[PDB]
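Data file: model_6.pdb. Format and content: PDB, C-alpha atoms (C1' of nucleotides).
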ATOM      1  CA  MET D   1     -33.126  88.569  35.018
ATOM      2  CA  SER D   2     -33.074  85.341  37.078
ATOM      3  CA  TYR D   3     -34.094  83.833  40.449
ATOM      4  CA  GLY D   4     -37.045  85.301  42.350
ATOM      5  CA  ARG D   5     -37.196  88.149  44.873
ATOM      6  CA  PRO D   6     -37.230  87.457  48.640
ATOM      7  CA  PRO D   7     -40.624  86.587  50.209
ATOM      8  CA  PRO D   8     -42.793  89.046  52.222
ATOM      9  CA  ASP D   9     -41.760  87.134  55.384
ATOM     10  CA  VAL D  10     -38.493  88.899  56.337
ATOM     11  CA  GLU D  11     -40.273  89.838  59.601
ATOM     12  CA  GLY D  12     -39.543  86.313  60.919
ATOM     13  CA  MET D  13     -37.254  84.707  58.299
ATOM     14  CA  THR D  14     -34.540  82.345  59.624
ATOM     15  CA  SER D  15     -32.222  83.861  56.985
ATOM     16  CA  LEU D  16     -29.669  81.031  56.861
ATOM     17  CA  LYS D  17     -27.027  81.589  54.168
ATOM     18  CA  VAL D  18     -24.509  79.344  52.361
ATOM     19  CA  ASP D  19     -21.123  80.129  50.748
ATOM     20  CA  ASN D  20     -17.491  78.945  50.148
ATOM     21  CA  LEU D  21     -18.262  76.863  47.009
ATOM     22  CA  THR D  22     -15.907  76.809  44.004
ATOM     23  CA  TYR D  23     -15.513  79.081  40.969
ATOM     24  CA  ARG D  24     -16.983  76.145  38.951
ATOM     25  CA  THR D  25     -20.128  75.453  41.027
ATOM     26  CA  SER D  26     -23.459  76.840  39.739
ATOM     27  CA  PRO D  27     -26.759  78.029  41.286
ATOM     28  CA  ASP D  28     -28.862  75.291  39.653
ATOM     29  CA  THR D  29     -26.636  72.834  41.493
ATOM     30  CA  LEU D  30     -26.953  74.424  44.924
ATOM     31  CA  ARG D  31     -30.686  75.003  44.386
ATOM     32  CA  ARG D  32     -31.277  71.248  43.991
ATOM     33  CA  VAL D  33     -28.456  70.159  46.331
ATOM     34  CA  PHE D  34     -29.975  72.223  49.170
ATOM     35  CA  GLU D  35     -33.638  71.652  48.238
ATOM     36  CA  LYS D  36     -33.437  68.197  49.875
ATOM     37  CA  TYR D  37     -32.742  69.744  53.283
ATOM     38  CA  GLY D  38     -36.307  71.078  53.233
ATOM     39  CA  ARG D  39     -36.796  74.527  51.686
ATOM     40  CA  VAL D  40     -34.247  76.342  49.523
ATOM     41  CA  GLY D  41     -36.646  79.270  49.975
ATOM     42  CA  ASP D  42     -34.106  81.442  48.143
ATOM     43  CA  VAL D  43     -30.732  81.336  46.368
ATOM     44  CA  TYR D  44     -28.565  84.080  44.851
ATOM     45  CA  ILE D  45     -25.172  84.854  43.257
ATOM     46  CA  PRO D  46     -24.295  88.560  43.726
ATOM     47  CA  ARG D  47     -20.986  87.942  41.865
ATOM     48  CA  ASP D  48     -21.216  91.415  40.286
ATOM     49  CA  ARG D  49     -23.854  93.638  38.655
ATOM     50  CA  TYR D  50     -21.660  95.323  36.006
ATOM     51  CA  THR D  51     -19.530  92.358  34.824
ATOM     52  CA  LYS D  52     -21.544  89.360  36.173
ATOM     53  CA  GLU D  53     -18.566  86.976  36.117
ATOM     54  CA  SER D  54     -16.937  86.685  39.582
ATOM     55  CA  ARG D  55     -19.026  83.541  40.399
ATOM     56  CA  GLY D  56     -16.522  82.611  43.166
ATOM     57  CA  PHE D  57     -19.388  82.157  45.663
ATOM     58  CA  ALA D  58     -23.170  82.066  46.129
ATOM     59  CA  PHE D  59     -25.908  82.771  48.673
ATOM     60  CA  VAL D  60     -28.286  79.834  49.209
ATOM     61  CA  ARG D  61     -30.895  80.542  51.919
ATOM     62  CA  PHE D  62     -33.615  79.022  54.129
ATOM     63  CA  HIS D  63     -36.583  80.549  55.988
ATOM     64  CA  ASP D  64     -37.445  77.847  58.556
ATOM     65  CA  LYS D  65     -35.230  76.975  61.513
ATOM     66  CA  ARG D  66     -35.727  73.190  61.374
ATOM     67  CA  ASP D  67     -34.426  72.870  57.807
ATOM     68  CA  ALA D  68     -31.855  75.615  58.403
ATOM     69  CA  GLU D  69     -30.357  73.835  61.433
ATOM     70  CA  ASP D  70     -30.046  70.593  59.446
ATOM     71  CA  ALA D  71     -28.598  72.468  56.458
ATOM     72  CA  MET D  72     -25.649  73.666  58.566
ATOM     73  CA  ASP D  73     -25.383  70.485  60.663
ATOM     74  CA  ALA D  74     -24.618  68.641  57.391
ATOM     75  CA  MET D  75     -23.063  71.211  54.994
ATOM     76  CA  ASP D  76     -20.804  73.280  57.288
ATOM     77  CA  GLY D  77     -17.326  71.812  56.666
ATOM     78  CA  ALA D  78     -18.334  69.717  53.620
ATOM     79  CA  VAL D  79     -16.319  69.559  50.368
ATOM     80  CA  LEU D  80     -17.668  70.532  46.927
ATOM     81  CA  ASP D  81     -14.651  69.288  44.942
ATOM     82  CA  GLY D  82     -11.576  70.069  47.098
ATOM     83  CA  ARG D  83     -12.330  73.121  49.305
ATOM     84  CA  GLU D  84     -14.665  73.721  52.257
ATOM     85  CA  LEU D  85     -18.317  74.760  52.530
ATOM     86  CA  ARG D  86     -19.873  77.339  54.852
ATOM     87  CA  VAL D  87     -23.419  77.833  56.082
ATOM     88  CA  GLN D  88     -24.674  79.947  58.993
ATOM     89  CA  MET D  89     -27.355  82.430  60.075
ATOM     90  CA  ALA D  90     -27.287  85.856  58.390
ATOM     91  CA  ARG D  91     -26.594  89.170  60.197
ATOM     92  CA  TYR D  92     -28.252  91.697  57.877
ATOM     93  CA  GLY D  93     -31.510  91.969  55.912
ATOM     94  CA  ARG D  94     -29.565  92.868  52.735
ATOM     95  CA  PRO D  95     -26.587  95.145  51.820
ATOM     96  CA  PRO D  96     -27.306  98.896  52.200
ATOM     97  CA  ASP D  97     -25.461 100.271  49.136
ATOM     98  CA  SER D  98     -23.754  97.533  47.075
ATOM     99  CA  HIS D  99     -25.638  98.901  44.024
ATOM    100  CA  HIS D 100     -25.900 102.625  44.943
ATOM    101  CA  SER D 101     -28.982 104.832  44.377
TER     102      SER D 101
ATOM    103  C1'   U S   1     -16.681  85.737  49.664
ATOM    104  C1'   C S   2     -24.003  89.279  53.766
ATOM    105  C1'   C S   3     -28.254  89.297  48.208
ATOM    106  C1'   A S   4     -26.953  94.058  43.706
ATOM    107  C1'   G S   5     -33.140  89.718  41.898
ATOM    108  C1'   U S   6     -39.802  87.992  39.372
TER     109        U S   6
END

Would you put the structure from the file into structure tokens?
Amino acid sequence: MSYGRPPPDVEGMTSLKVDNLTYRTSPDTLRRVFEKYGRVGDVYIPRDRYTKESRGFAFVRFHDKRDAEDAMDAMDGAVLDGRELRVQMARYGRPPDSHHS
RNA sequence: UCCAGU
């Protein structure tokens, strides 16, 4: 499909995430926009998996605390084009059933 | 608006 699967390092990943962007932003943008902070070790857009069109948000991520702390110290509260940005540490490894089994 | 993907 797209992107690349999470690394085999979830046993110590910093798991920072990023959201709140616009319905007009795109993942190639956030990939490069956040790559400068050190390591955009992952990025995703779980918009849907049956209609793939919500695109109202994204999930940029980091795996090292030094680049993750800067990423939120400089993107939390920013403005893409007229709304706010959000970035903070995750709370789960991944959703348990958003795609059923 | 916490991932459903190499």

Residue nearest chain S among D:40, D:90, D:85, D:13 (counting all atoms listed in the file)
D:90

Return as a Markdown table the residues of chain D lying at most 12 Å from chain S, together with the closest atom-to-atom pair for each and the distance in Å to one decimal, counting only C-alpha atoms (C1' of nucleotides), with rows in chain order and ascending residue number.
| residue | atom | partner | partner_atom | distance |
| --- | --- | --- | --- | --- |
| D:1 | CA | S:5 | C1' | 7.0 |
| D:2 | CA | S:5 | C1' | 6.5 |
| D:3 | CA | S:5 | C1' | 6.1 |
| D:4 | CA | S:6 | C1' | 4.9 |
| D:5 | CA | S:5 | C1' | 5.3 |
| D:6 | CA | S:5 | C1' | 8.2 |
| D:7 | CA | S:6 | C1' | 11.0 |
| D:15 | CA | S:2 | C1' | 10.4 |
| D:16 | CA | S:2 | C1' | 10.5 |
| D:17 | CA | S:2 | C1' | 8.3 |
| D:18 | CA | S:2 | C1' | 10.0 |
| D:19 | CA | S:1 | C1' | 7.2 |
| D:20 | CA | S:1 | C1' | 6.9 |
| D:21 | CA | S:1 | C1' | 9.4 |
| D:22 | CA | S:1 | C1' | 10.6 |
| D:23 | CA | S:1 | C1' | 11.0 |
| D:42 | CA | S:3 | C1' | 9.8 |
| D:43 | CA | S:3 | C1' | 8.5 |
| D:44 | CA | S:3 | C1' | 6.2 |
| D:45 | CA | S:3 | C1' | 7.3 |
| D:46 | CA | S:3 | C1' | 6.0 |
| D:47 | CA | S:4 | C1' | 8.7 |
| D:48 | CA | S:4 | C1' | 7.2 |
| D:49 | CA | S:4 | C1' | 5.9 |
| D:50 | CA | S:4 | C1' | 9.4 |
| D:51 | CA | S:4 | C1' | 11.7 |
| D:52 | CA | S:4 | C1' | 10.4 |
| D:54 | CA | S:1 | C1' | 10.1 |
| D:55 | CA | S:1 | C1' | 9.8 |
| D:56 | CA | S:1 | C1' | 7.2 |
| D:57 | CA | S:1 | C1' | 6.0 |
| D:58 | CA | S:1 | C1' | 8.3 |
| D:59 | CA | S:3 | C1' | 7.0 |
| D:60 | CA | S:3 | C1' | 9.5 |
| D:61 | CA | S:3 | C1' | 9.9 |
| D:85 | CA | S:1 | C1' | 11.5 |
| D:86 | CA | S:1 | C1' | 10.4 |
| D:87 | CA | S:2 | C1' | 11.7 |
| D:88 | CA | S:2 | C1' | 10.7 |
| D:89 | CA | S:2 | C1' | 9.9 |
| D:90 | CA | S:2 | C1' | 6.6 |
| D:91 | CA | S:2 | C1' | 6.9 |
| D:92 | CA | S:2 | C1' | 6.4 |
| D:93 | CA | S:2 | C1' | 8.3 |
| D:94 | CA | S:3 | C1' | 5.9 |
| D:95 | CA | S:2 | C1' | 6.7 |
| D:96 | CA | S:4 | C1' | 9.8 |
| D:97 | CA | S:4 | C1' | 8.4 |
| D:98 | CA | S:4 | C1' | 5.8 |
| D:99 | CA | S:4 | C1' | 5.0 |
| D:100 | CA | S:4 | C1' | 8.7 |
| D:101 | CA | S:4 | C1' | 11.0 |

Find the distance between atom CA of residue D:80 and atom CA of residue D:14 and write it in Å to one decimal.
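Separation of atom CA of residue D:80 and atom CA of residue D:14: 24.2 Å.
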
Separation of atom CA of residue D:37 and atom CA of residue D:71, in Å?
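These two atoms are separated by 5.9 Å.
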
To one decimal in Å, tell me the separation between atom CA of residue D:36 and atom CA of residue D:84.
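According to the coordinates, atom CA of residue D:36 and atom CA of residue D:84 are separated by 19.7 Å.
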
Output file request: stretch 44-69 of chain D, with N, CA and C atoms, as an mmCIF file, in the first residue's frame.
data_model
loop_
_atom_site.group_PDB
_atom_site.id
_atom_site.type_symbol
_atom_site.label_atom_id
_atom_site.label_comp_id
_atom_site.auth_asym_id
_atom_site.auth_seq_id
_atom_site.Cartn_x
_atom_site.Cartn_y
_atom_site.Cartn_z
ATOM 1 N N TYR D 44 1.923 8.052 9.577
ATOM 2 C CA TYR D 44 0.752 7.309 9.147
ATOM 3 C C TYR D 44 -0.471 8.216 9.006
ATOM 4 N N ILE D 45 -1.485 7.748 8.278
ATOM 5 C CA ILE D 45 -2.769 8.425 8.143
ATOM 6 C C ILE D 45 -3.850 7.344 8.113
ATOM 7 N N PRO D 46 -4.368 6.973 9.292
ATOM 8 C CA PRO D 46 -5.380 5.942 9.464
ATOM 9 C C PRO D 46 -6.785 6.446 9.137
ATOM 10 N N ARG D 47 -6.887 7.468 8.281
ATOM 11 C CA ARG D 47 -8.140 8.120 7.903
ATOM 12 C C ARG D 47 -9.320 7.155 7.895
ATOM 13 N N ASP D 48 -9.218 6.100 7.090
ATOM 14 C CA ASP D 48 -10.151 4.981 7.059
ATOM 15 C C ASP D 48 -9.406 3.782 6.476
ATOM 16 N N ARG D 49 -10.094 2.647 6.330
ATOM 17 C CA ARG D 49 -9.535 1.496 5.634
ATOM 18 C C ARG D 49 -10.603 0.828 4.758
ATOM 19 N N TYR D 50 -11.709 1.543 4.521
ATOM 20 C CA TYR D 50 -12.788 1.076 3.656
ATOM 21 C C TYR D 50 -13.254 2.179 2.704
ATOM 22 N N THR D 51 -12.810 3.419 2.942
ATOM 23 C CA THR D 51 -13.180 4.578 2.137
ATOM 24 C C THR D 51 -11.975 5.488 1.889
ATOM 25 N N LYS D 52 -10.914 5.338 2.698
ATOM 26 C CA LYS D 52 -9.640 6.033 2.601
ATOM 27 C C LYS D 52 -9.776 7.477 2.127
ATOM 28 N N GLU D 53 -10.569 8.286 2.831
ATOM 29 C CA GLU D 53 -10.801 9.661 2.391
ATOM 30 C C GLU D 53 -11.022 10.666 3.529
ATOM 31 N N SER D 54 -11.003 10.248 4.801
ATOM 32 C CA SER D 54 -11.248 11.194 5.884
ATOM 33 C C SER D 54 -10.176 12.286 5.918
ATOM 34 N N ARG D 55 -8.908 11.865 5.817
ATOM 35 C CA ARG D 55 -7.681 12.669 5.792
ATOM 36 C C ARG D 55 -7.661 13.919 6.689
ATOM 37 N N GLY D 56 -8.536 13.990 7.693
ATOM 38 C CA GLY D 56 -8.645 15.145 8.574
ATOM 39 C C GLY D 56 -7.495 15.239 9.574
ATOM 40 N N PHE D 57 -6.656 14.203 9.657
ATOM 41 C CA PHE D 57 -5.537 14.162 10.581
ATOM 42 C C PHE D 57 -4.484 13.167 10.096
ATOM 43 N N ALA D 58 -3.411 13.036 10.877
ATOM 44 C CA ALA D 58 -2.302 12.145 10.586
ATOM 45 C C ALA D 58 -1.677 11.672 11.891
ATOM 46 N N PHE D 59 -0.608 10.889 11.772
ATOM 47 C CA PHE D 59 0.087 10.293 12.893
ATOM 48 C C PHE D 59 1.586 10.258 12.593
ATOM 49 N N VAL D 60 2.263 11.404 12.686
ATOM 50 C CA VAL D 60 3.722 11.406 12.538
ATOM 51 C C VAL D 60 4.308 10.864 13.837
ATOM 52 N N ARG D 61 5.480 10.223 13.807
ATOM 53 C CA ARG D 61 6.039 9.641 15.021
ATOM 54 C C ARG D 61 7.565 9.657 15.053
ATOM 55 N N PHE D 62 8.106 9.632 16.279
ATOM 56 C CA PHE D 62 9.541 9.581 16.547
ATOM 57 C C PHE D 62 9.847 8.444 17.523
ATOM 58 N N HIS D 63 11.110 8.007 17.543
ATOM 59 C CA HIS D 63 11.533 6.854 18.332
ATOM 60 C C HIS D 63 12.670 7.187 19.293
ATOM 61 N N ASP D 64 13.173 8.426 19.265
ATOM 62 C CA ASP D 64 14.229 8.851 20.172
ATOM 63 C C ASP D 64 13.795 10.105 20.917
ATOM 64 N N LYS D 65 14.030 10.110 22.231
ATOM 65 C CA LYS D 65 13.508 11.135 23.117
ATOM 66 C C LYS D 65 14.095 12.515 22.859
ATOM 67 N N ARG D 66 15.313 12.619 22.317
ATOM 68 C CA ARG D 66 15.921 13.932 22.144
ATOM 69 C C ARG D 66 15.245 14.677 20.999
ATOM 70 N N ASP D 67 14.927 13.955 19.920
ATOM 71 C CA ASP D 67 14.284 14.547 18.759
ATOM 72 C C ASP D 67 12.784 14.665 19.007
ATOM 73 N N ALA D 68 12.242 13.791 19.860
ATOM 74 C CA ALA D 68 10.832 13.822 20.196
ATOM 75 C C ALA D 68 10.519 15.002 21.116
ATOM 76 N N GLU D 69 11.418 15.319 22.052
ATOM 77 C CA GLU D 69 11.201 16.451 22.944
ATOM 78 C C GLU D 69 11.305 17.767 22.180
#
